């Protein structure tokens, strides 16, 4: 009655094989209020399944203390998908990558005794078996696995370990074995998948991720061919362009897979959404996870991509009865043109006509009728006769993004952040420099490195008007340099190379000089071999040239630390906290001023358009609406990179259809309709870089052809 098994062909849901069209919708990147409309948009788009990760570090802020409220009501989210007649692929992880802060591991886990991440390690295995079992027991509890009549038809253990395992060697393989056996062991009564495991143990199905994976094949023949991440674009990194992937090529990629015994494919992403707060953003990942997905960050339809995939699904579902009762058989149709024919003993016939030439439309002869195949396309013939769909012919009207203000420029108040300096009574100190994750435990992006640089009165630069050289080398990711109160320097990294060096002459004078270094993180690293062990914050070396001695090693003094900002320790983002300091009303409003808090109240704009914040006036920091973390703003970083005009045809890569070069890397910042009330809306912004808060205006998203 209720069963999920599999064969060499496809997934068997209820004794019936199925070709499963699926979409990734990460729950914590939406509001619970948006969930059902997004899920409905998915249903209308031709999706059978909704895929998501579980967010380990969202769910356990500290050991044993869990959070499944609001955006993290996972059981609610799965139930809502079930409510929509769609299935669920639950990729538990707990490592999930997903451009998510620290890959999803809680930071506290890093510091458990004897701990190592993703390897045959006792502390790690225990904590991981722990979380995976808690989630599965929560899922089992309300019969949410399909064997019990629920939506979950599949689960994922780890995420993309194959590459990491190929480098760690024997521990890695001894952990891949372990992870598979001690997840299957939870007896969920539905299959377990692993993506990028050329070596996944029976009975775990290895899947792939990529732009194209028509070449792929499971690690044993009685496993079906499964595509867990059809990338629908790419992530937007801070100071990067907005990566698009064209819909004629996504169609083309999916059809290339399904024509070749493809049975499960999942768009990553279907809905991208927002990295809300300082707990979401992976390293350098911008607040927008829009991902050029078929639903944009704001849940509106990305046309014609949405419409064009909707039609492809329809064309697949007309083909499905053939697809499930035969196998993909091939027949050359010319130099670079092919035919994949699903012909059932009963009489069903589905035919995929392919044309792999990236330049020239080609006409082929199939079963006596002519067919014109536009270049880099496939024509779907669900009857083997009428081409009802072609992955180049786009029959959905486009829709372009328009942001149009409403609410009017608000009246602002300011508050300035203390620029702290060393004090002979600081408690948190050491000789030499400490790593940032170690000190902050990721309670805040901000860490103050402070020390005393004494300068003897007989110095060369105290004779000739001249400044000593300051050189600071920090693991990342932003660094502000403060001398005796005033700001001497500001340097920042990219995703690829987050390490930085500040070099510059610095006005010191005889006696004790104050050095205060503000190192900031932009989320934690989320991917790579041993990514967890990477450093952040100032580890040096730190020198001061132009002295008599010659060049002073400042890394070998007493340094003192202070975690995070005062405004944070006050929580000036919440209504209670924001009424506790003297705000600077009137016209003295700090303009183009570093380390400044801002504050305005406004009324919900008109009706039912999605909203955002224009902040191209500002530099960098965080936004909060009504005490909830909107996310990080960083319009000060200008999109670096190639932005050639783009053709659908030919092999794709992230870099192909890059957009928005020269502009702020994210101008607009998403604000849920569900986070506003009619009036009394407390906007609070921390500006870390300097900007003019008068230019902050609310906007409405809408689209037209």
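Residue numbers count along the first chain shown, from 1.
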Q | Stretch with the higher entry mean CA B-factor, where the candidates are 406-414 and 152-160 | A | 406-414
(Q) Please compare 181-189 with 425-433 and say which has the higher mean C-alpha temperature factor in the record. (A) 425-433
**Q.** Peak C-alpha temperature factor (PDB record), options 341, 98, 364, 107
**A.** 364
Q: Pick out which of 329, 80, 472, 112 has the highest C-alpha B-factor in the PDB entry.
A: 472
Q | Relative C-alpha B-factor of residue 325, binned into the chain's lowest, middle or highest third | A | middle
Q: Report the third (lowest, middle or highest) to which the CA temperature factor of residue 609 belongs, ranking only the modelled residues of the same chain.
A: highest
(Q) Splitting the chain's C-alpha B-factors into thirds, which one does residue 462 fall into? (A) highest
Q: Taking the chain's C-alpha temperature factors as the reference, tell me which third residue 28 falls into: lowest, middle or highest.
A: lowest
Q: For residue 488, return the chain-relative third of its C-alpha B-factor as stated in the PDB record: lowest, middle or highest.
A: highest
